[PDB]
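Structure record follows, encoded as structure tokens.
First the proteins, then the strands, lettered A, B, ... as listed; each starts at 1.
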Amino acid sequence: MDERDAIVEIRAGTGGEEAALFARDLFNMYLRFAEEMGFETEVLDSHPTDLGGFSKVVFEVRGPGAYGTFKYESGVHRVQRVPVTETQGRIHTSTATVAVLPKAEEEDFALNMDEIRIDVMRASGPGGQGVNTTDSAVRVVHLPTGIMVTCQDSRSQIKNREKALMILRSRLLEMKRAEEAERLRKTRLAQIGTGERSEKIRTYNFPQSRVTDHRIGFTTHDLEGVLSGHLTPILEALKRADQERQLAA
Amino acid sequence: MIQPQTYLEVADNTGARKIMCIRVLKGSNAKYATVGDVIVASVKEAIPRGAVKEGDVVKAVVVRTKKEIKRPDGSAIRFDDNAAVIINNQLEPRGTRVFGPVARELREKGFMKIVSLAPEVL
RNA sequence: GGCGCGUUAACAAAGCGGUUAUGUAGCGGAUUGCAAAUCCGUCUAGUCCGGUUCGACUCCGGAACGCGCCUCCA
RNA sequence: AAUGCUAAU
RNA sequence: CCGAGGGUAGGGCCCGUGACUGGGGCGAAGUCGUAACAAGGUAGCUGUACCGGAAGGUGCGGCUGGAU
RNA sequence: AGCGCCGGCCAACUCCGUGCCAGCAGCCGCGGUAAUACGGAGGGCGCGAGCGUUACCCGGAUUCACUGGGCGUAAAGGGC
RNA sequence: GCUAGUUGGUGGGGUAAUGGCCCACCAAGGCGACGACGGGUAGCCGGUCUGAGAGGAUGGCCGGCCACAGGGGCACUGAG
RNA sequence: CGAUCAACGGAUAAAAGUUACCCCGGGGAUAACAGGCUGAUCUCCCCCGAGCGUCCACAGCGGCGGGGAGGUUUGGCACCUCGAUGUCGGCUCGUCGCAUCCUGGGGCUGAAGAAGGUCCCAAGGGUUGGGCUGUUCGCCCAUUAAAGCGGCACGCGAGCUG
RNA sequence: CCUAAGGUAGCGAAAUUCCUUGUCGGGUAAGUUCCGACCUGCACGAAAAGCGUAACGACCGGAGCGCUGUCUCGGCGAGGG
RNA sequence: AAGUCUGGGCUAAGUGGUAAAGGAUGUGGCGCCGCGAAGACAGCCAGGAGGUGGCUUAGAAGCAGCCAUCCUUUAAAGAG
RNA sequence: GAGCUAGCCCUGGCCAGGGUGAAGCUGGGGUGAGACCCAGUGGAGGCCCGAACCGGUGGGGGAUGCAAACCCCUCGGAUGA
Ligand SMILES: [K+]
Ligand SMILES: [Mg+2]
Ligand SMILES: [Mg+2]
Ligand SMILES: [Mg+2]
Ligand SMILES: [Mg+2]
Ligand SMILES: [Mg+2]
Ligand SMILES: [Mg+2]
Ligand SMILES: [Mg+2]
Ligand SMILES: [Mg+2]
Ligand SMILES: [Mg+2]
Ligand SMILES: [Mg+2]
Ligand SMILES: [Mg+2]
Ligand SMILES: [Mg+2]
Ligand SMILES: [Mg+2]
Ligand SMILES: [Mg+2]
Ligand SMILES: [Mg+2]
Ligand SMILES: [Mg+2]
Ligand SMILES: [Mg+2]
Ligand SMILES: [Mg+2]
Ligand SMILES: [Mg+2]
Ligand SMILES: [Mg+2]
Ligand SMILES: [Mg+2]
Ligand SMILES: [Mg+2]
Ligand SMILES: [Mg+2]
Ligand SMILES: [Mg+2]
Ligand SMILES: [Mg+2]
Ligand SMILES: [Mg+2]
Ligand SMILES: [Mg+2]
Ligand SMILES: [Mg+2]
Ligand SMILES: [Mg+2]
Ligand SMILES: [Mg+2]
Ligand SMILES: [Mg+2]
Ligand SMILES: [Mg+2]
Ligand SMILES: [Mg+2]
Ligand SMILES: [Mg+2]
Ligand SMILES: [Mg+2]
Ligand SMILES: [Mg+2]
Ligand SMILES: [Mg+2]
Ligand SMILES: [Mg+2]
Ligand SMILES: [Mg+2]
Ligand SMILES: [Mg+2]
Ligand SMILES: [Mg+2]
Ligand SMILES: [Mg+2]
Ligand SMILES: [Mg+2]
Ligand SMILES: [Mg+2]
Ligand SMILES: [Mg+2]
Ligand SMILES: [Mg+2]
Ligand SMILES: [Mg+2]
Ligand SMILES: [Mg+2]
Ligand SMILES: [Mg+2]
Ligand SMILES: [Mg+2]
Ligand SMILES: [Mg+2]
Ligand SMILES: [Mg+2]
Ligand SMILES: [Mg+2]
Ligand SMILES: [Mg+2]
Ligand SMILES: [Mg+2]
Ligand SMILES: [Mg+2]
Ligand SMILES: [Mg+2]
Ligand SMILES: [Mg+2]
Ligand SMILES: [Mg+2]
Ligand SMILES: [Mg+2]
Ligand SMILES: [Mg+2]
Ligand SMILES: [Mg+2]
Ligand SMILES: [Mg+2]
Ligand SMILES: [Mg+2]
Ligand SMILES: [Mg+2]
Ligand SMILES: [Mg+2]
Ligand SMILES: [Mg+2]
Ligand SMILES: [Mg+2]
Ligand SMILES: [Mg+2]
Ligand SMILES: [Mg+2]
Ligand SMILES: [Mg+2]
Ligand SMILES: [Mg+2]
Ligand SMILES: [Mg+2]
Ligand SMILES: [Mg+2]
Ligand SMILES: [Mg+2]
Ligand SMILES: [Mg+2]
Ligand SMILES: [Mg+2]
Ligand SMILES: [Mg+2]
Ligand SMILES: [Mg+2]
Ligand SMILES: [Mg+2]
Ligand SMILES: [Mg+2]
Ligand SMILES: [Mg+2]
Ligand SMILES: [Mg+2]
Ligand SMILES: [Mg+2]
Ligand SMILES: [Mg+2]
Ligand SMILES: [Mg+2]
Ligand SMILES: [Mg+2]
Ligand SMILES: [Mg+2]
Ligand SMILES: [Mg+2]
Ligand SMILES: [Mg+2]
Ligand SMILES: [Mg+2]
Ligand SMILES: [Mg+2]
Ligand SMILES: [Mg+2]
Ligand SMILES: [Mg+2]
Ligand SMILES: [Mg+2]
Ligand SMILES: [Mg+2]
Ligand SMILES: [Mg+2]
Ligand SMILES: [Mg+2]
Ligand SMILES: [Mg+2]
Ligand SMILES: [Mg+2]
Ligand SMILES: [Mg+2]
Ligand SMILES: [Mg+2]
Ligand SMILES: [Mg+2]
Ligand SMILES: [Mg+2]
Ligand SMILES: [Mg+2]
Ligand SMILES: [Mg+2]
Ligand SMILES: [Mg+2]
Ligand SMILES: [Mg+2]
Ligand SMILES: [Mg+2]
Ligand SMILES: [Mg+2]
Ligand SMILES: [Mg+2]
Ligand SMILES: [Mg+2]
Ligand SMILES: [Mg+2]
Ligand SMILES: [Mg+2]
Ligand SMILES: [Mg+2]
Ligand SMILES: [Mg+2]
Ligand SMILES: [Mg+2]
Ligand SMILES: [Mg+2]
Ligand SMILES: [Mg+2]
Ligand SMILES: [Mg+2]
Ligand SMILES: [Mg+2]
Ligand SMILES: [Mg+2]
Ligand SMILES: [Mg+2]
Ligand SMILES: [Mg+2]
Ligand SMILES: [Mg+2]
Ligand SMILES: [Mg+2]
Ligand SMILES: [Mg+2]
Ligand SMILES: [Mg+2]
Ligand SMILES: [Mg+2]
Ligand SMILES: [Mg+2]
Ligand SMILES: [Mg+2]
Ligand SMILES: [Mg+2]
Ligand SMILES: [Mg+2]
Ligand SMILES: [Mg+2]
Ligand SMILES: [Mg+2]
Ligand SMILES: [Mg+2]
Ligand SMILES: [Mg+2]
Ligand SMILES: [Mg+2]
Ligand SMILES: [Mg+2]
Ligand SMILES: [Mg+2]
Ligand SMILES: [Mg+2]
Ligand SMILES: [Mg+2]
Ligand SMILES: [Mg+2]
Ligand SMILES: [Mg+2]
Ligand SMILES: [Mg+2]
Ligand SMILES: [Mg+2]
Ligand SMILES: [Mg+2]
Ligand SMILES: [Mg+2]
Ligand SMILES: [Mg+2]
Ligand SMILES: [Mg+2]
Ligand SMILES: [Mg+2]
Ligand SMILES: [Mg+2]
Ligand SMILES: [Mg+2]
Ligand SMILES: [Mg+2]
Ligand SMILES: [Mg+2]
Ligand SMILES: [Mg+2]
Ligand SMILES: [Mg+2]
Ligand SMILES: [Mg+2]
Ligand SMILES: [Mg+2]
Ligand SMILES: [Mg+2]
Ligand SMILES: [Mg+2]
Ligand SMILES: [Mg+2]
Ligand SMILES: [Mg+2]
Ligand SMILES: [Mg+2]
Ligand SMILES: [Mg+2]
Ligand SMILES: [Mg+2]
Ligand SMILES: [Mg+2]
Ligand SMILES: [Mg+2]
Ligand SMILES: [Mg+2]
Ligand SMILES: [Mg+2]
Ligand SMILES: [Mg+2]
Ligand SMILES: [Mg+2]
Ligand SMILES: [Mg+2]
Ligand SMILES: [Mg+2]
Ligand SMILES: [Mg+2]
Ligand SMILES: [Mg+2]
Ligand SMILES: [Mg+2]
Ligand SMILES: [Mg+2]
Ligand SMILES: [Mg+2]
Ligand SMILES: [Mg+2]
Ligand SMILES: [Mg+2]
Ligand SMILES: [Mg+2]
Ligand SMILES: [Mg+2]
Ligand SMILES: [Mg+2]
Ligand SMILES: [Mg+2]
Ligand SMILES: [Mg+2]
Ligand SMILES: [Mg+2]
Ligand SMILES: [Mg+2]
Ligand SMILES: [Mg+2]
Ligand SMILES: [Mg+2]
Ligand SMILES: [Mg+2]
Ligand SMILES: [Mg+2]
Ligand SMILES: [Mg+2]
Ligand SMILES: [Mg+2]
Ligand SMILES: [Mg+2]
Ligand SMILES: [Mg+2]
Ligand SMILES: [Mg+2]
Ligand SMILES: [Mg+2]
Ligand SMILES: [Mg+2]
Ligand SMILES: [Mg+2]
Ligand SMILES: [Mg+2]
Ligand SMILES: [Mg+2]
Ligand SMILES: [Mg+2]
Ligand SMILES: [Mg+2]
Ligand SMILES: [Mg+2]
Ligand SMILES: [Mg+2]
Ligand SMILES: [Mg+2]
Ligand SMILES: [Mg+2]
Ligand SMILES: [Mg+2]
Ligand SMILES: [Mg+2]
Ligand SMILES: [Mg+2]
Ligand SMILES: [Mg+2]
Ligand SMILES: [Mg+2]
Ligand SMILES: [Mg+2]
Ligand SMILES: [Mg+2]
Ligand SMILES: [Mg+2]
Ligand SMILES: [Mg+2]
Ligand SMILES: [Mg+2]
Ligand SMILES: [Mg+2]
Ligand SMILES: [Mg+2]
């Protein structure tokens, strides 16, 4: 949480070539904010457009307290301006989406052999007197989940025990790596949603030089200061509206 | 003498028409059920929109047997079918009507509501 | 497990005991209203450990990882 | 010879 | 004898539902290309045939709703 | 004494709030920081022990055309 | 495309009464694109609603007719 | 002088496969079954007491290490048997062990009661019927006091099956 | 990058799928087999033909009805030994 | 077949007559300290108190977790 | 050595009975003529059922046999390669 390093996933929403351009603006806004926080930033995944922006960028914020601050930026960010891709001078409302996630572990996976049962038995098929009398076939049972892996690939029980345990681990790993994905996926959808012009948490209106965070009603007019990285005023008003949201009862 | 695989007609209006005995609920390893005994059964044939449906696993008490039941008075009684009444885990019938005669042995064995609802007790 | 082959930069992939591989990308410029395409330029390298040699990405030995093949008579 | 131009009266 | 109806067997029509599958309509943004509208950069369209990630291309014949 | 309505159709308009949000909507459409179109208010228009809405029928629909329509290019001449 | 009491005949049963209504037999007919058969839906009319009319829609109350009386079949009694 | 006659005391100047269509002479000098030896692997039981258990090492647990037992598994070895010791599963018939699944008797409990956990004693008896697969094994259905685990040439083909 | 060129249509856990009793669906009270699908096809594929196909089969699967001493679970009887 | 032979000791487990870490008031023998009539060891008899907690904690206030463990009537009474 | 067995050559012989009902033909309908439809007749076929005959599918028996391949039940072909 609040103290762990954070990852920020900036995606382009409705807007096309200019959504990606606005995403580039939000990208520079957080790298420059991070410097004014001592936080350390490194890119993990970037997808540039030729017009200068990104359809997607992922970057970490390495700093003791990164999630505590960046976590308020999750949501859809709405820009209204006359885009550099516009040629009739019209104002286009476009969107970028910011996803803020705590830096996951990497925890290594090994088998708890106490929750595993190993059955040995005779194998099926050819072998003559050997296959008739030899406990070469192996089953490994993950006792909590119940999933089993069998192996009679070779003639040796020890080789079939080794190969069976490998496959069992690999499979329980994919099961663990997939529930972790389904948590990651739903969480991302709670923050980024569809990216529609609604769902907005903040507007960056270039005409009226305004930035409005419709979650708390805070509105400054230092749009150049915001886009350059001075996001501390907005966070605090959210931070203080956060504590006033913890007033019982 | 009812045992696993045995088919029984259903003497109630639950919608079940034919149940197949899968267990004789009578100790560890009873070979046979007679009148007044309970079985677990699969429902092999039912009429549409009944209480129970085909494929349900249900409980029932046997009410008629084709193997004659003998009585302490030295007599006996025998029915043309093997029939049962579907019950719940409290031994009460699940339908509201009981079709056909039933063995008086059911009274002695605490199936009174069934004895009540049967048109003839023999 | 045995035998064989391999690990080179952003990716793909070579030669070589001393020495800008190469393609595409990336980066600077040109052209274009802009973007591509194109044109002028340009750039990041050899898995770990130990040997040999004046000198090792290159040769030898091993480790890790990847690939291909074999594991048959019961 | 030579491809493309989202979305707000 | 006929007979309400009950039962047995085999048909017919209709509705709901089904792993999966097919395309269809829709969408203020995505990827690939650029087939059509100008001779749209190979005139287009067409029935049919064959082929190709995709629009499409090509053969045969037809039309002008084709330019100069 | 109440209820509907006051962008156009359609009779009845101003102020504030909101800022493509909240919402309106029968159609065409309103709303993205000066909204007669959203919400209130004042004022107005329509009816009145009622006023609106929803469902449905006929009408407007000469849009199944008897009255009373059409078919070269708009849907529509059958390949002969 | 439909049809075996199906269509007609003769003879009889039945009824208040005609009739394949029912029965025995004889003949091989009866019906259908002027829509038989099947499927869907509906009680029908005087009226009623709409409409310039034509038409459309509808059949609640009231009047007329029919049908049914928990679901089916049946006859008894009787002028019915 | 002409040799990777390098299988390097070098059979010819000159040479690869396959046999489940196979054959003969041999070998338990030598593999596959079973026994045996061994016990790495396997199964079970202890030692130590870090740590868990709100509290509290030891109700229930036991880091890192340590010592054993058994002789069901997988192996190692090649000792009887290759002038033959028939090899899986099922069926049938059992019988034994006890590291006990149930039933009987206990102690401790983080045992209120009920119901459990855990360890001790106990082998007298009991330990079901089905779906799948040749299956052993395992999973599943419905029950049960319970649906024990093992030895007997992985008990039993001059008893059957195949 | 490489090749002589990189498996098309159709089919596919298959007389072919090691992992495997894959997964989903169906059938069953319960289905390692069966049938219908999916497709990361260990290791289908087009005259050693590919995919289908009415009819046929003492061929090999799976299911149901009927009926049974196959079985619960055996009993008795006959004759030849 | 030849001693129920002699003398000294040990074992009570049929150990002998089948095994390890490790566990133990089994038994016997050596030691090496210590405390004792400055009355010891065991039991009993009391006293064992107090400022009362400090950090932590609504109480944990002598008898959770932390920090040290300050002093009196005295023969001792430890914030245990 | 082809008096077993395999193939072919020459010359003979055998295949109860029952069923299905092709073409053709004839008549009727249909048409411009036709195709074609219908009825009757007809009697085709590695057609159907089933003996002989030829086989040898499953099971049981037999296993120092009745038999160095048999016996019982059952089962395939039976105008045709
Ligand atoms: K061989
Ligand atoms: Mg533009
Ligand atoms: Mg174990
Ligand atoms: Mg085996
Ligand atoms: Mg098998
Ligand atoms: Mg083999
Ligand atoms: Mg074989
Ligand atoms: Mg072995
Ligand atoms: Mg009945
Ligand atoms: Mg019934
Ligand atoms: Mg069913
Ligand atoms: Mg069902
Ligand atoms: Mg009942
Ligand atoms: Mg290299
Ligand atoms: Mg590389
Ligand atoms: Mg190269
Ligand atoms: Mg080279
Ligand atoms: Mg380069
Ligand atoms: Mg450049
Ligand atoms: Mg440019
Ligand atoms: Mg060096
Ligand atoms: Mg070196
Ligand atoms: Mg160098
Ligand atoms: Mg190197
Ligand atoms: Mg090396
Ligand atoms: Mg071999
Ligand atoms: Mg040009
Ligand atoms: Mg181009
Ligand atoms: Mg494009
Ligand atoms: Mg252009
Ligand atoms: Mg485009
Ligand atoms: Mg445009
Ligand atoms: Mg009838
Ligand atoms: Mg009937
Ligand atoms: Mg779809
Ligand atoms: Mg084009
Ligand atoms: Mg074209
Ligand atoms: Mg163009
Ligand atoms: Mg072009
Ligand atoms: Mg063109
Ligand atoms: Mg030209
Ligand atoms: Mg064409
Ligand atoms: Mg072409
Ligand atoms: Mg109004
Ligand atoms: Mg007006
Ligand atoms: Mg309104
Ligand atoms: Mg309206
Ligand atoms: Mg706005
Ligand atoms: Mg304002
Ligand atoms: Mg405005
Ligand atoms: Mg306003
Ligand atoms: Mg309005
Ligand atoms: Mg208003
Ligand atoms: Mg009034
Ligand atoms: Mg009209
Ligand atoms: Mg209308
Ligand atoms: Mg007209
Ligand atoms: Mg018109
Ligand atoms: Mg047209
Ligand atoms: Mg014409
Ligand atoms: Mg008649
Ligand atoms: Mg009639
Ligand atoms: Mg006649
Ligand atoms: Mg008519
Ligand atoms: Mg109806
Ligand atoms: Mg009706
Ligand atoms: Mg009507
Ligand atoms: Mg009127
Ligand atoms: Mg009109
Ligand atoms: Mg009405
Ligand atoms: Mg009625
Ligand atoms: Mg009546
Ligand atoms: Mg009635
Ligand atoms: Mg009623
Ligand atoms: Mg009635
Ligand atoms: Mg050589
Ligand atoms: Mg040699
Ligand atoms: Mg040699
Ligand atoms: Mg020498
Ligand atoms: Mg020589
Ligand atoms: Mg020579
Ligand atoms: Mg040689
Ligand atoms: Mg040879
Ligand atoms: Mg072979
Ligand atoms: Mg073979
Ligand atoms: Mg042979
Ligand atoms: Mg052969
Ligand atoms: Mg030979
Ligand atoms: Mg031979
Ligand atoms: Mg031999
Ligand atoms: Mg031999
Ligand atoms: Mg020999
Ligand atoms: Mg030996
Ligand atoms: Mg030797
Ligand atoms: Mg052996
Ligand atoms: Mg051997
Ligand atoms: Mg061995
Ligand atoms: Mg053996
Ligand atoms: Mg051995
Ligand atoms: Mg032996
Ligand atoms: Mg041992
Ligand atoms: Mg051991
Ligand atoms: Mg061991
Ligand atoms: Mg032990
Ligand atoms: Mg603790
Ligand atoms: Mg404790
Ligand atoms: Mg441990
Ligand atoms: Mg050890
Ligand atoms: Mg040991
Ligand atoms: Mg042993
Ligand atoms: Mg041993
Ligand atoms: Mg053994
Ligand atoms: Mg071995
Ligand atoms: Mg062994
Ligand atoms: Mg051996
Ligand atoms: Mg030796
Ligand atoms: Mg031998
Ligand atoms: Mg002998
Ligand atoms: Mg011998
Ligand atoms: Mg012998
Ligand atoms: Mg046993
Ligand atoms: Mg014991
Ligand atoms: Mg007990
Ligand atoms: Mg007890
Ligand atoms: Mg208790
Ligand atoms: Mg309790
Ligand atoms: Mg206890
Ligand atoms: Mg016992
Ligand atoms: Mg069982
Ligand atoms: Mg079954
Ligand atoms: Mg079974
Ligand atoms: Mg099994
Ligand atoms: Mg298995
Ligand atoms: Mg239980
Ligand atoms: Mg119990
Ligand atoms: Mg054995
Ligand atoms: Mg056994
Ligand atoms: Mg055996
Ligand atoms: Mg045998
Ligand atoms: Mg056997
Ligand atoms: Mg034996
Ligand atoms: Mg024997
Ligand atoms: Mg024997
Ligand atoms: Mg023997
Ligand atoms: Mg076999
Ligand atoms: Mg066999
Ligand atoms: Mg392939
Ligand atoms: Mg191709
Ligand atoms: Mg093709
Ligand atoms: Mg394909
Ligand atoms: Mg597949
Ligand atoms: Mg499967
Ligand atoms: Mg297949
Ligand atoms: Mg394959
Ligand atoms: Mg498989
Ligand atoms: Mg398999
Ligand atoms: Mg399964
Ligand atoms: Mg299922
Ligand atoms: Mg069914
Ligand atoms: Mg399934
Ligand atoms: Mg089976
Ligand atoms: Mg399938
Ligand atoms: Mg797959
Ligand atoms: Mg093939
Ligand atoms: Mg093949
Ligand atoms: Mg070929
Ligand atoms: Mg096929
Ligand atoms: Mg076909
Ligand atoms: Mg077929
Ligand atoms: Mg077929
Ligand atoms: Mg056949
Ligand atoms: Mg045949
Ligand atoms: Mg066959
Ligand atoms: Mg069956
Ligand atoms: Mg059945
Ligand atoms: Mg059956
Ligand atoms: Mg028998
Ligand atoms: Mg049995
Ligand atoms: Mg007998
Ligand atoms: Mg006898
Ligand atoms: Mg003496
Ligand atoms: Mg003396
Ligand atoms: Mg002792
Ligand atoms: Mg002892
Ligand atoms: Mg002793
Ligand atoms: Mg002893
Ligand atoms: Mg001959
Ligand atoms: Mg002859
Ligand atoms: Mg002849
Ligand atoms: Mg014949
Ligand atoms: Mg004949
Ligand atoms: Mg014949
Ligand atoms: Mg016949
Ligand atoms: Mg004949
Ligand atoms: Mg005929
Ligand atoms: Mg004839
Ligand atoms: Mg003729
Ligand atoms: Mg004719
Ligand atoms: Mg004819
Ligand atoms: Mg014939
Ligand atoms: Mg024939
Ligand atoms: Mg035949
Ligand atoms: Mg026949
Ligand atoms: Mg036949
Ligand atoms: Mg013969
Ligand atoms: Mg024969
Ligand atoms: Mg033959
Ligand atoms: Mg035979
Ligand atoms: Mg048989
Ligand atoms: Mg036989
Ligand atoms: Mg035999
Ligand atoms: Mg024989
Ligand atoms: Mg003999
Ligand atoms: Mg015979
Ligand atoms: Mg005979
Ligand atoms: Mg026979
Ligand atoms: Mg026959
Ligand atoms: Mg025959
Ligand atoms: Mg025949
Ligand atoms: Mg014949
Ligand atoms: Mg002939």
Side-chain angles (χ1 to χ4, degrees), chain A residues 11-20 22-23 46-52 55-56 78-97 114 117-141 146-164 166-168 170-171 194-200 203 205 207-208 210 212 214 217 219, chain B residues 1-6 19-32 38-44 54-59:
Chain A
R11 300 183 169 84
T14 162
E17 284 280 351
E18 199 231 336
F22 182 50
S46 156
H47 290 276
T49 316
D50 19 16
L51 248 22
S55 46
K56 181 197 193 190
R78 190 182 69 178
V79 65
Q80 352 205 227
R81 65 190 194 177
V82 172
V84 205
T85 62
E86 167 71 13
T87 73
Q88 303 97 44
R90 302 176 297 160
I91 298 163
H92 286 304
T93 293
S94 293
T95 259
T97 29
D114 279 305
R117 187 234 309 174
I118 304 184
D119 297 322
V120 307
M121 77 232 77
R122 256 77 44 92
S124 312
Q129 273 199 116
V131 85
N132 298 341
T133 63
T134 310
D135 281 353
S136 50
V138 180
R139 177 175 36 244
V140 289
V141 172
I147 82 165
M148 47 190 52
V149 162
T150 55
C151 193
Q152 51 165 71
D153 273 344
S154 81
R155 302 171 187 248
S156 157
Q157 177 191 291
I158 192 48
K159 291 202 302 163
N160 293 336
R161 215 212 318 283
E162 213 203 353
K163 190 171 184 175
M166 269 178 45
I167 296 174
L168 176 65
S170 180
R171 277 174 188 182
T194 92
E196 215 46 79
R197 276 169 200 97
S198 327
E199 307 177 333
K200 62 198 170 309
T203 299
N205 182 289
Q208 312 299 76
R210 199 189 54 256
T212 298
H214 332 75
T219 153
Chain B
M1 289 177 61
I2 303 314
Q3 73 173 93
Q5 297 299 125
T6 299
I19 61 169
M20 187 202 53
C21 174
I22 64 187
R23 191 73 193 164
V24 183
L25 286 195
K26 212 183 202 301
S28 158
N29 58 339
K31 285 191 200 300
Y32 315 116
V38 188
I39 59 176
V40 186
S42 183
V43 170
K44 289 305 186 174
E54 296 177 7
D56 292 356
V57 165
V58 294
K59 293 196 201 171

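Using a 4.0 Å heavy-atom distance criterion, A:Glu17 is classed as a base contact. Among the protein residues, A:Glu196 comes within range of the nucleic acid bases, having at least one heavy atom under 4.0 Å from a base atom. Among the heavy atoms of the strands lying under 4.0 Å from A:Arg78 are primed sugar atoms or P, OP1, OP2 only; no base atom is included. Note on B:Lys44: only backbone sugar-phosphate atoms sit closer than 4.0 angstrom, heavy atoms only; bases stay farther off. Using a 4.0 Å heavy-atom cutoff across all strands shown, A:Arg11 reaches no nucleic acid atom at all. If you check every strand for non-hydrogen atoms under 4.0 Å, A:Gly146 touches nothing. Residue-level contact check: A:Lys163 touches neither bases nor backbone, having no heavy atom under 4.0 Å from any strand. At the heavy-atom level, A:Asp119 lies under 4.0 Å from the strands shown only through sugar-phosphate atoms.
Residue side chain B:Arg23 reaches the base of H:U128 through a donor-acceptor N/O pair under 3.5 Å, judged by distance alone. Counting distance only, with no hydrogens placed and no angle test, the side-chain atoms of A:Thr133 and the base atoms of H:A34 include no donor-acceptor pair under 3.5 Å.
For K:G21, the base adopts the anti conformation, since its glycosidic angle falls more than 90 degrees from zero.
Comparing the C1' positions of H:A20 and H:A3 gives a spacing of 45 Å, expressed to the nearest Å.
RNA chain I contains the following stems of three or more consecutive Watson-Crick or G-U pairs, with both distances under 3.5 Å: I:22-26 with I:34-38. Both key distances under 3.5 Å define a Watson-Crick or G-U pair, and stretches of 3 or more such consecutive pairs in RNA chain K run K:17-19 with K:47-49, K:24-29 with K:36-41, K:53-55 with K:75-77, K:58-61 with K:70-73.
Summary of the strand contacts: A:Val141 and A:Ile158 both lie near RNA chain H, and taking for each the nucleotide with the nearest heavy atom, the more 5' one is attributed to A:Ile158.
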